[PDB]
Each structure stands twice: as structure tokens, then as C-alpha cells.
There are 2 protein chains.
Amino acid sequence: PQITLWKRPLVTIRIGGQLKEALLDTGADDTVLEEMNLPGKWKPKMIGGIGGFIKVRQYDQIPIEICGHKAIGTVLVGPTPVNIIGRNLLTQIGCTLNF
Amino acid sequence: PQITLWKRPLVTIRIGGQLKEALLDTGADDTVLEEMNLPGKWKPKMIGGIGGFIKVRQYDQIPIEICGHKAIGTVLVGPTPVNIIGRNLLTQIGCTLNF
Ligand SMILES: COC(=O)N[C@H](C(=O)N[C@@H](Cc1ccccc1)[C@@H](O)CN(Cc1ccc(-c2ccccn2)cc1)NC(=O)[C@@H](NC(=O)OC)C(C)(C)C)C(C)(C)C
């Protein structure tokens with residue numbers, strides 16, 4: 001589909017078979033989800049945004065669907081105010097910017 | 001153009017006669033540039049992202065040419081880690097997400 005940018009490009013994602021709303025973010029290197037009690041091993045990571053860095057848990061090879069398109073990759077979990085789909089997953093679903 | 005996302009979507013912009021590199025950022029409500037001089041009266045404001053809030057200077061009705069496409073809109077200036085073109089200007093240049 002095509003998504004205009006008049007409002008925040010929020011779309012439905014599925015992780016662990018459950019649904020969330022997330023921002024399709026071309027300014028994000030990584031995918032960062034709001035605190036959730038995801039199972040499995042993880043590694044500590046620090047990621048930086050406009051106001052500084054936060055601590056996240058890095059989970060690898062996690063299946064996700066984004067607007068019905070399947071993807072699999074690294075998902076960071078931490079105290080973000082918004083679920084963010086970053087370029088690591090946007091490439092997998094064939095997402096481009098166009099003007 | 002059509003821009004894929006295996007790299008950061010940086011483009012050349014012209015603003016106040018000067019050339020800069022900036023990130024086409026669908027996850028940004030606002031356009032935020034690194035500390036610089038711009039003509040006109042600015043209003044103090046605060047914006048937040050991951051890592052928290054920063055203080056910026058809000059300049060209104062500022063022309064920027066973004067990858068050959070003209071826009072005139074609100075530009076925030078402050079200690080952002082990267083020059084960011086947000087949705088306020090992406091809409092002006094007719095930018096959309098597609099997959
Ligand atoms: C409603 O608030 C906003 O729209 N906030 C925007 C904002 O922060 N957007 C974030 C997503 C977001 C939205 C709302 C609340 C919280 C977060 C991103 O679209 C843009 N941002 C812009 C940005 C991009 C890079 C960097 C950076 C950090 C350290 C070193 C180099 N670059 C900082 C900010 N990117 C990042 O922060 C990403 N960082 C990143 O990719 O780092 C490599 C994350 C996400 C992976 C953490 C602005 C402050 C830019 C206007």
C-alpha cells in the first residue's frame with residue numbers, strides 16, 4: 001500500500017501472535033518496542049535518540065508481521081513511549097520512500 | 001525519486017544559502033536541525049524523543065530545498081544528534097511510504 005505522512009504512520013504489527021500499533025520510522029536504524037515480557041535470551045544494548053540514550057534488551061531472530069507482511073530480525077525492548085519499526089525490518093517488507 | 005532503506009535516507013538540503021545533509025524521517029513530527037544561525041525571531045520550545053526532551057529554537061516559515069523540492073515551513077534548531085526532516089516538510093514535498 002501507500003501511506004501518506006499527514007499523520008503519524010502507525011500500522012498494526014504482530015509479535016508473538018498478538019497485535020500492537022507501531023510507527024513506520026525511516027529515521028530509525030533499529031526496531032524498538034515498548035516494554036513487553038518477551039521470552040528468550042537477550043543482550044543488553046544502549047540506543048540513542050534525540051534526548052540521549054536508553055537501555056534496551058536485544059532479542060534476535062524474532063518473527064514479526066507488519067501490516068500483514070512477514071519479517072524476522074532483531075527487536076529491541078525497552079522504555080520507549082512508542083513502538084518503532086526501524087530500517088532493519090522496513091527493508092524486509094520492501095518499504096520505500098517516494099516523492 | 002524512490003529511496004530504499006538499507007542505508008540511512010540522507011539527502012542534501014539547501015537552507016539559508018547553505019548546504020547540509022539531513023535525514024528523511026517518517027518517525028519525526030517536526031523538522032530539527034543542528035545548532036545554526038537562521039534569520040528571524042525564534043520561539044523557545046521543547047521536543048521529546050527516545051532519551052527524553054531537549055530545548056530548541058522554533059523558526060517559522062523557513063524555505064528549505066530538499067533534494068530539489070521546495071518547502072517553506074517550521075524548522076526547529078537545537079542540539080539534535082542529526083539533521084532531521086520531519087513530516088511537516090515531508091508532506092510538502094509529496095513524500096509517501098510505499099510497500
Ligand atoms: C512526537 O515526538 C517526535 O516526533 N519526536 C521525534 C523523534 O524523536 N522521533 C524518533 C521516534 C520517536 C517518536 C516519538 C517519541 C519517541 C521517539 C525517530 O523517528 C527519529 N530519531 C532520530 C534520531 C536518529 C539518530 C540519532 C543518533 C543517536 C546517536 C548517534 C547518532 N545518531 C538520534 C535521533 N531516531 C531515533 O531515535 C532512533 N535512533 C537511531 O536510529 O540512532 C542511530 C531510534 C528510534 C532507533 C532510537 C523528534 C524529536 C525527532 C521530532
# chains A, B, ... in the order shown; residues from 1 in each chain; ligands from 1
call {"tool": "calpha_fit_rmsd", "arguments": {"fixed": "chain B", "moving": "chain A"}}
result
0.5 Å
call {"tool": "residues_around", "arguments": {"residues": "residue 41 in chain B", "least_positions_apart": "3", "cutoff": "10 Å", "atoms": "only C-alpha atoms", "output": "ChimeraX atom specification"}}
result
/B:38,57-60
call {"tool": "write_last_selection", "arguments": {"atoms": "N, CA and C atoms", "output": "short mmCIF file (atom, residue, chain, number, x, y, z; two decimals), in the first residue's frame"}}
result
data_model
loop_
_atom_site.label_atom_id
_atom_site.label_comp_id
_atom_site.auth_asym_id
_atom_site.auth_seq_id
_atom_site.Cartn_x
_atom_site.Cartn_y
_atom_site.Cartn_z
N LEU B 38 19.76 31.25 11.80
CA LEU B 38 18.71 31.47 10.80
C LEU B 38 18.11 32.85 11.01
N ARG B 57 15.03 26.01 19.31
CA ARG B 57 14.61 27.32 18.88
C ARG B 57 13.69 27.13 17.69
N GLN B 58 12.43 27.57 17.80
CA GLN B 58 11.48 27.37 16.71
C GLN B 58 11.47 28.57 15.77
N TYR B 59 11.83 28.32 14.51
CA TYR B 59 11.74 29.30 13.44
C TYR B 59 10.59 28.92 12.51
N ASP B 60 9.71 29.87 12.22
CA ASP B 60 8.59 29.61 11.33
C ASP B 60 8.83 30.11 9.90
#
call {"tool": "residues_near_ligand", "arguments": {"ligand": "ligand 1", "cutoff": "9 Å", "atoms": "only C-alpha atoms and all ligand atoms", "output": "PyMOL selection string"}}
result
(chain A and resi 8+23-32+47-54+76+80-87) or (chain B and resi 8+23+25-32+47-54+76+80-87)
call {"tool": "atom_distance", "arguments": {"atom1": "CA of residue 15 in chain A", "atom2": "CA of residue 96 in chain B"}}
result
25.3 Å
call {"tool": "closest_residue", "arguments": {"among": "B:69, B:35, B:7, B:1", "to": "residue 90 in chain A", "atoms": "only C-alpha atoms"}}
result
B:7
call {"tool": "select_by_dssp", "arguments": {"residues": "chain A", "states": "strand (DSSP E)", "output": "VMD selection string"}}
result
chain A and resid 2 to 3 10 to 15 18 to 24 32 to 34 43 to 49 52 to 66 69 to 78 84 to 85 96 to 98
